[PDB]
Amino acid sequence: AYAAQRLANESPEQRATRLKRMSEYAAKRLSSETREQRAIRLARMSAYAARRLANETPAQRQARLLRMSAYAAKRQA
DNA sequence: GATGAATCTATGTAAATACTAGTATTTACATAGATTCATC
């Protein structure tokens with residue numbers, strides 16, 4: 001429950017450094033990933049998305065449809 | 001094979017926590033596509 005403190009720390013594009021490091025761990029983490037582990041990570045992620053799609057408002061739904069409609073249509077290039 | 005929706009995912013980073021108030025690492029979730037599927 002010691003989280004609450006961290007929320008506070010906010011900073012001057014040292015925040016750039018932090019992200020660059022977050023993205024460095026991630027990359028590395030995925031390179032160590034076994035094929036079983038990756039399937040399991042994607043299986044959760046597809047589960048989370050199915051949820052979020054089941055709970056979308058009609059406003060969310062339509063913005064998603066409009067967006068994809070525009071994207072698919074635009075990819076005739 | 002044209003079109004549009006359902007489903008899945010590469011990418012990014014908030015949030016939480018492990019580890020020794022602060023730093024370091026890991027987990028959970030969220031964006032914005034990219035791909036698969038349904039239908040005509």
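In what follows, chains carry the letters A, B, and so on, assigned in the order in which the sequence lines appear, proteins first and then strands, with residues in each chain numbered from 1.
Of the candidate nucleotides B/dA16, B/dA6, B/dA10, B/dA16 has the atom nearest to the side chain of A/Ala3. Comparing B/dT25, B/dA10, B/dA16 by their nearest atom to the side chain of A/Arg38 picks out B/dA10. Closest approach to the A/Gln5 side chain among B/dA21, B/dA10, B/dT25 is made by B/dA21 (side chain taken as heavy atoms from C-beta onward).
A/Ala43 and A/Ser46 get closest at one heavy-atom pair: O-OG, 2.9 Å. The two residues A/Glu33 and A/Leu30 make their nearest non-hydrogen contact at CB-O, 3.1 Å. Residues A/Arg15 and A/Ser11 share a closest heavy-atom pair of CB-O, 4.2 Å.
Each of A/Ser46 and A/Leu66 lies near DNA chain B, and the nucleotide nearest A/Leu66 is the one positioned closer to the 5' end.
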| For DNA chain B, what dot-bracket results from Watson-Crick or G-U pairs at under 3.5 Å, with [ ] for crossers and | for inter-strand partners? | (((((((((((((((((((..)))))))))))))))))))
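In this structure, A/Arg44 places its CZ atom where only 12 or fewer heavy-atom neighbours from other residues, nucleotides or ligands lie under 6.0 Å away.
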| query | Stepwise, does the side chain to side chain contact (heavy atoms under 4.5 Å, CB included) test hold for A/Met45 with A/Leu42? | reply | CA-CA 5 Å; A/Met45 220 176 66; A/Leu42 303 193; 4.3 Å; yes
| request: Given side chain to side chain contact (heavy atoms under 4.5 Å, CB included), test A/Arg64 with A/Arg67 step by step and report yes or no. | output: CA-CA 5 Å; A/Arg64 188 185 95 254; A/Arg67 169 172 62 82; 3.3 Å; yes
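Separating the NZ atom of A/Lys28 from the P atom of B/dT25 is a distance of 11 Å, rounded to the nearest angstrom. Rounded to whole Å, the distance from CZ on A/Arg29 to P on B/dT25 is 14 Å. As a whole-Å value, the separation of A/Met22 CE from B/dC29 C1' is 12 Å. Rounded to an integer number of Å, the gap from OH of A/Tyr25 to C1' of B/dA28 is 18 Å. Between the P atom of B/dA24 and the CG atom of A/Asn9 lies a distance of 13 Å, rounded to the nearest Å. A/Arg18 has its CZ atom 13 Å from the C1' atom of B/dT25, to the nearest Å. When the P atom of B/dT27 is taken as reference, atom CD1 of A/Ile40 falls 13 Å away, rounded to whole Å. When rounded to the nearest whole Å, the span between CD of A/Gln76 and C1' of B/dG1 equals 11 Å.
A heavy atom lying under 4.0 Å from DNA chain B marks the following residues of residues 55-63 of chain A, by number: A/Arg61.
Among the heavy atoms of the strands, none lies under 4.0 Å from A/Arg44.
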| task | Treat primed atoms plus P, OP1 and OP2 as sugar-phosphate and everything else as base, then score nucleotides 31-40 of chain B 5' to 3': B for base contact with protein heavy atoms under 4.0 Å, S for sugar-phosphate contact only, - for none. | result | B-BBB-----
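Atom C1' of B/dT25 sits at a distance of 13 Å from the matching atom of B/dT20, rounded to the whole Å.
Within the 4.5 Å cutoff, the side chain of A/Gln60 has no heavy atoms near those of the A/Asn55 side chain.
Within the 4.0 Å cut-off from OP1 or OP2 of B/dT11, not a single side-chain nitrogen or oxygen of A/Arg41 is found.
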